[PDB]
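Trainee: Dropping a structure here in structure tokens format, bear with me for questions.
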Number of protein chains: 2
Amino acid sequence: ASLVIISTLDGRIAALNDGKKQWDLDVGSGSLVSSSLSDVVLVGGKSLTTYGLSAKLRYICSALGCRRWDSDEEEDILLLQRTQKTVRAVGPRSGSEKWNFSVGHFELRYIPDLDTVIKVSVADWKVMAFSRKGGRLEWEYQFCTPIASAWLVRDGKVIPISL
Amino acid sequence: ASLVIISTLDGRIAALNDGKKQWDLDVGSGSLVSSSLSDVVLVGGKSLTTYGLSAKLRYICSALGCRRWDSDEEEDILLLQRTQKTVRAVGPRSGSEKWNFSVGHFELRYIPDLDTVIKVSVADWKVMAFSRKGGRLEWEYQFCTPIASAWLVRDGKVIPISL
């Protein structure tokens with residue numbers, strides 16, 4: 001087929017003449033950004049994990065190891081990794097946390113086994129699909145959450161659909 | 001009092017005319033270094049945690065929060081943080097891990113509420129205590145594991161006893 005991948009602010013990945021959704025899968029990492037307020041010591045940690053998707057969770061490889069799932073079909077493959085920076089501030093007196101924040105993002109790689117164009121209206125979080133003229137609209141997908149990152153995955157590679 | 005703190009390769013912290021041991025406490029992080037062998041994707045993550053010690057675990061603050069313990073006595077305080085870098089290599093085909101390795105270290109800060117000198121023979125992992133002349137030996141502590149980092153904590157600060 002030929003689909004579009006979308007990384008949103010809530011930390012969500014979605015995939016789409018239509019733009020219908022085929023699947024939307026997330027990870028236990030929450031939003032791609034967070035903040036708070038409640039001499040200091042500061043704790044933290046970045047983490048680059050990796051999620052093996054089909055076109056489905058077959059494995060999750062991280063800095064500790066892998067968690068796998070059953071079933072088969074060979075088949076297709078879609079690499080997906082999550083980079084989550086994180087750091088809290090904490091009073092040396094006692095772990096009372098003055099404040100905290102964290103940022104994150106996804107990146108995409110593909111592993112293997114009639115055109116129009118796509119632009120993303122970040123103002124209204126639209127995924128717009130046009131045509132040729134210039135260009136005439138064909139469809140658009142609206143997300144109920146700010147779009148962080150997006151790519152175009154047709155053939156078997158990954159063009160990053162820019163802001 | 002007046003004591004000497006020692007960070008060893010196994011990821012262990014120890015404290016010592018004597019050099020007797022008053023306490024030796026560790027964390028669930030294993031050795032300060034590790035390695036292995038079994039186009040690649042690479043997972044990883046650094047983590048800077050913090051351990052609140054007395055002179056005892058009262059709290060462990062990390063990038064996720066705190067775990068505390070009971071009892072009281074005010075009292076004394078000894079800040080101790082662990083920085084653990086870690087990264088595995090993993091085949092894009094499937095999380096089979098081509099290899100992996102990790103490094104780590106501790107650093108010390110003090111929070112409050114007749115001399116001789118100390119050198120560390122890294123060759124035989126000795127903690128040597130001398131005197132004045134020159135200098136004559138008074139005692140030595142031998143560790144059954146390579147010494148990574150060491151400090152001198154007398155008054156209420158931290159001089160790093162060098163290699």
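In the structure tokens, the first chain shown is A, the next is B, and so on; residue numbers restart at 1 for each chain, and ligands run from 1 in the order shown.
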Excluding stretch 8-24 of chain A and its own-chain neighbours fewer than 6 positions away, which residues fall within 8 Å of it when counting only C-alpha atoms? Please give them as a ChimeraX atom specification.

Mentor: /A:30-33,105,138-141,145-149

Trainee: Using only C-alpha atoms, find each residue of chain A with at least one atom at most 7 Å away from an atom of chain B; report its shortest atom-to-atom pair and that distance in Å (one decimal), sort the rows by chain and rising residue number, and return the result as a tab-separated table.

Mentor:
```
residue	atom	partner	partner_atom	distance
A:43	CA	B:48	CA	5.4
A:44	CA	B:63	CA	4.4
A:45	CA	B:47	CA	4.2
A:46	CA	B:45	CA	5.4
A:47	CA	B:45	CA	4.2
A:48	CA	B:44	CA	5.3
A:49	CA	B:43	CA	5.5
A:50	CA	B:43	CA	6.7
A:59	CA	B:95	CA	7.0
A:61	CA	B:95	CA	5.8
A:62	CA	B:43	CA	5.5
A:63	CA	B:44	CA	4.4
A:66	CA	B:95	CA	6.3
A:86	CA	B:63	CA	6.7
A:87	CA	B:63	CA	6.0
A:88	CA	B:63	CA	6.1
A:95	CA	B:61	CA	5.8
```

Trainee: Using the chain letters and numbers from this document, which residues of chain B does DSSP assign to strand (DSSP E), as number ranges by chain?

Mentor: B: 3-8, 12-15, 23-26, 33-35, 41-44, 47-53, 59-61, 66-68, 78-90, 99-110, 118-121, 126-129, 139-142, 147-153

Trainee: If I take atom CA of residue B:57 and atom CA of residue B:25, how far is one from the other in Å, to one decimal?

Mentor: 8.8 Å

Trainee: Quick one: residues within 12 Å of residue A:159, only C-alpha atoms counted, chain neighbours fewer than 6 positions away excluded, as a ChimeraX atom specification?

Mentor: /A:3-5,107-110,117-118,149-153

Trainee: Just N, CA, C and O atoms for this one: save the residues we selected as a PDB file, in the first residue's frame.

Mentor:
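Written output follows (result-v3.pdb):
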```pdb
ATOM      1  N   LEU A   3       1.104   4.690   2.877  1.00  0.00           N
ATOM      2  CA  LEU A   3       0.510   5.317   4.059  1.00  0.00           C
ATOM      3  C   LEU A   3       1.306   6.487   4.642  1.00  0.00           C
ATOM      4  O   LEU A   3       2.467   6.705   4.295  1.00  0.00           O
ATOM      5  N   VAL A   4       0.661   7.231   5.539  1.00  0.00           N
ATOM      6  CA  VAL A   4       1.260   8.397   6.185  1.00  0.00           C
ATOM      7  C   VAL A   4       1.309   8.210   7.700  1.00  0.00           C
ATOM      8  O   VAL A   4       0.294   7.901   8.323  1.00  0.00           O
ATOM      9  N   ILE A   5       2.485   8.403   8.289  1.00  0.00           N
ATOM     10  CA  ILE A   5       2.666   8.210   9.726  1.00  0.00           C
ATOM     11  C   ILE A   5       2.720   9.550  10.459  1.00  0.00           C
ATOM     12  O   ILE A   5       3.370  10.487  10.000  1.00  0.00           O
ATOM     13  N   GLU A 107      11.362   8.784  15.678  1.00  0.00           N
ATOM     14  CA  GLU A 107      11.966   8.768  14.351  1.00  0.00           C
ATOM     15  C   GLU A 107      11.623   7.440  13.688  1.00  0.00           C
ATOM     16  O   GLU A 107      11.328   6.458  14.369  1.00  0.00           O
ATOM     17  N   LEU A 108      11.660   7.412  12.360  1.00  0.00           N
ATOM     18  CA  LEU A 108      11.166   6.261  11.624  1.00  0.00           C
ATOM     19  C   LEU A 108      12.211   5.695  10.668  1.00  0.00           C
ATOM     20  O   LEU A 108      12.916   6.437   9.986  1.00  0.00           O
ATOM     21  N   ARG A 109      12.307   4.371  10.640  1.00  0.00           N
ATOM     22  CA  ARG A 109      13.102   3.670   9.643  1.00  0.00           C
ATOM     23  C   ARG A 109      12.264   2.527   9.088  1.00  0.00           C
ATOM     24  O   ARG A 109      11.427   1.970   9.798  1.00  0.00           O
ATOM     25  N   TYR A 110      12.466   2.182   7.823  1.00  0.00           N
ATOM     26  CA  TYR A 110      11.726   1.070   7.238  1.00  0.00           C
ATOM     27  C   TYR A 110      12.644  -0.108   6.933  1.00  0.00           C
ATOM     28  O   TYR A 110      13.789   0.074   6.519  1.00  0.00           O
ATOM     29  N   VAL A 117       0.141  15.254  -3.184  1.00  0.00           N
ATOM     30  CA  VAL A 117       1.067  15.703  -2.145  1.00  0.00           C
ATOM     31  C   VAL A 117       0.405  15.859  -0.778  1.00  0.00           C
ATOM     32  O   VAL A 117      -0.815  15.995  -0.680  1.00  0.00           O
ATOM     33  N   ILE A 118       1.220  15.834   0.273  1.00  0.00           N
ATOM     34  CA  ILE A 118       0.730  15.945   1.647  1.00  0.00           C
ATOM     35  C   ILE A 118       1.452  17.038   2.437  1.00  0.00           C
ATOM     36  O   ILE A 118       2.668  16.979   2.613  1.00  0.00           O
ATOM     37  N   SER A 149       5.475  15.213  14.857  1.00  0.00           N
ATOM     38  CA  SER A 149       6.286  14.767  13.732  1.00  0.00           C
ATOM     39  C   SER A 149       5.473  13.915  12.761  1.00  0.00           C
ATOM     40  O   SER A 149       4.563  13.195  13.166  1.00  0.00           O
ATOM     41  N   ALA A 150       5.811  13.996  11.477  1.00  0.00           N
ATOM     42  CA  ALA A 150       5.111  13.227  10.454  1.00  0.00           C
ATOM     43  C   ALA A 150       6.049  12.810   9.328  1.00  0.00           C
ATOM     44  O   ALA A 150       7.014  13.511   9.019  1.00  0.00           O
ATOM     45  N   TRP A 151       5.761  11.666   8.716  1.00  0.00           N
ATOM     46  CA  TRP A 151       6.572  11.171   7.613  1.00  0.00           C
ATOM     47  C   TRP A 151       5.702  10.651   6.478  1.00  0.00           C
ATOM     48  O   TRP A 151       4.497  10.470   6.643  1.00  0.00           O
ATOM     49  N   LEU A 152       6.320  10.412   5.326  1.00  0.00           N
ATOM     50  CA  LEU A 152       5.638   9.767   4.212  1.00  0.00           C
ATOM     51  C   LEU A 152       6.305   8.426   3.930  1.00  0.00           C
ATOM     52  O   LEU A 152       7.495   8.364   3.623  1.00  0.00           O
ATOM     53  N   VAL A 153       5.533   7.352   4.054  1.00  0.00           N
ATOM     54  CA  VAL A 153       6.049   6.011   3.818  1.00  0.00           C
ATOM     55  C   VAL A 153       5.298   5.345   2.675  1.00  0.00           C
ATOM     56  O   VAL A 153       4.253   4.731   2.884  1.00  0.00           O
TER      57      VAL A 153
END
```

Trainee: Determine the nearest neighbour of residue A:123 from the options A:156, A:163, A:91, A:137, counting only C-alpha atoms.

Mentor: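 Once distances to residue A:123 are computed over only C-alpha atoms, the minimum belongs to A:163.
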